[PDB]
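[1] Here is my input; please provide its structure:
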Amino acid sequence: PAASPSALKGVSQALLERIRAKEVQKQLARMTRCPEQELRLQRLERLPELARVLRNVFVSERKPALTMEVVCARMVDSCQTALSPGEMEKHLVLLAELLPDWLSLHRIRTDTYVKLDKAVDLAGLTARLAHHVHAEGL
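    Residues are numbered from 1 along each chain as shown. The protein structure is shown below:
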């Protein structure tokens, strides 16, 4: 013989207790996370940062075209912060998905390369990128 009783406590107790967690951060710090959400927002808003840095990276390279591995290596190296190589790649495809006139691909019998026009009005790109129509954080 056994049983499994239950009850409910749907009241602002557990809501107000989130205040007290701000003191417990120095004491326990075990699954204690709430204000840390700002990192998620700070990560998703790098949209313009990646676009500007990309342009800069190509500009300083003295060449508007780079090999598949060269641009890849050049982008993944930026991971020396607090993210995986996947988030980098996700950004590469997202950009290209709305920037078919900025970014290009040229497959050659020796290797594959990318083309990028550093004279295109980035401001127009910032807007048409901030549109978030089909991006869904690609």
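[2] all helices for this protein, in order.
    Secondary structure of the chain (DSSP state H): helices at 13-27, 37-44, 47-60, 68-76, 85-98, 122-130.
[3] Throw those into JSON lines and include mean neighbour count and distance to residue 1, thanks.
    Where you see a C-beta, it was placed from the backbone N, CA and C, and this is true even at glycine. Converted to JSON lines, the helices of the chain look like this (neighbours: other C-beta atoms under 10 Å; distance: least, C-beta to C-beta, whole Å):
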{"stretch": "helix 13-27", "mean neighbour count": "10", "distance to residue 1": "33"}
{"stretch": "helix 37-44", "mean neighbour count": "10", "distance to residue 1": "46"}
{"stretch": "helix 47-60", "mean neighbour count": "15", "distance to residue 1": "60"}
{"stretch": "helix 68-76", "mean neighbour count": "15", "distance to residue 1": "60"}
{"stretch": "helix 85-98", "mean neighbour count": "15", "distance to residue 1": "52"}
{"stretch": "helix 122-130", "mean neighbour count": "13", "distance to residue 1": "63"}
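[4] show me what contacts the closest residue to residue 94 other than its chain neighbours?
    Leaving aside its sequence neighbours, residue 94 sits nearest to residue 138 (C-beta to C-beta, 6 or more residues apart in numbering; 3.5 Å). By C-beta atoms under 8 Å, 6 or more residues apart in numbering, residue 138 lies in contact with 90-91, 93-94, 97.
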